[PDB]
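Taking it in order: structure first as structure tokens, then the write-up.
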Amino acid sequence: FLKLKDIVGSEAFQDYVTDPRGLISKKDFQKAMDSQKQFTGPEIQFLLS
Amino acid sequence: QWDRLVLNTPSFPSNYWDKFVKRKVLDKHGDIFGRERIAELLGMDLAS
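Chains A and B supply the protein sequences, listed in that same order. The first sequence lines up with residues 4068 to 4116 when you count with UniProt numbering. The second sequence lines up with residues 4698 to 4745 when you count with UniProt numbering.
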């Protein structure tokens, strides 16, 4: 929960972010986490939850 | 600012002997900032 703050601050994940409101979809979030590679699959599922 | 000109040139490491500089940079910073972005910055083509 510190690395997630860092990642949301990061611009690479904001590239996956597309909605003008700034809210991202579940699939886009999953893809952005996978691209960053900081989190493994189970972790990604947890932060999605 | 001037060095920005040489990043994507094919022969950037002409005098310095380390010929794997671009590959090392790509492997080091590809994940966080994007392999495609790094390759575009350094003028290298992974498909090629």
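In this text, a Cβ means the ideal position worked out from N, Cα and C, and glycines have one as well.
- With a cut-off of 8 Å on Cβ pairs, the stretch 4704-4712 of chain B is not in contact with the stretch 4099-4116 of chain A, counting fewer than three such pairs.
- The C-beta distance from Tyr4083/A to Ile4074/A rounds to 11 Å, too long to fall under 8 Å, and the pair is not in contact.
- When secondary structure is reduced to three states using DSSP, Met4100/A falls in the helix class.
- Scanning chain A for C-beta atoms nearer than 8 Å to the C-beta of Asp4728/B yields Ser4102, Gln4103 and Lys4104, reported in chain order.
- Taking all protein chains shown into account, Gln4103/A has 16 or more neighbouring C-beta atoms within 10 Å of its C-beta and is therefore buried.
- One finds nothing in chain A with a Cβ atom closer than 7 Å to the Cβ of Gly4740/B; even the nearest lies about 20 Å away.
- With distances taken between CA atoms, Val4722/B lies nearest to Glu4737/B out of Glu4737/B, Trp4699/B and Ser4745/B.
- In the DSSP assignment, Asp4082/A falls within the unbroken alpha helix (DSSP H) covering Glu4078 to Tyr4083.
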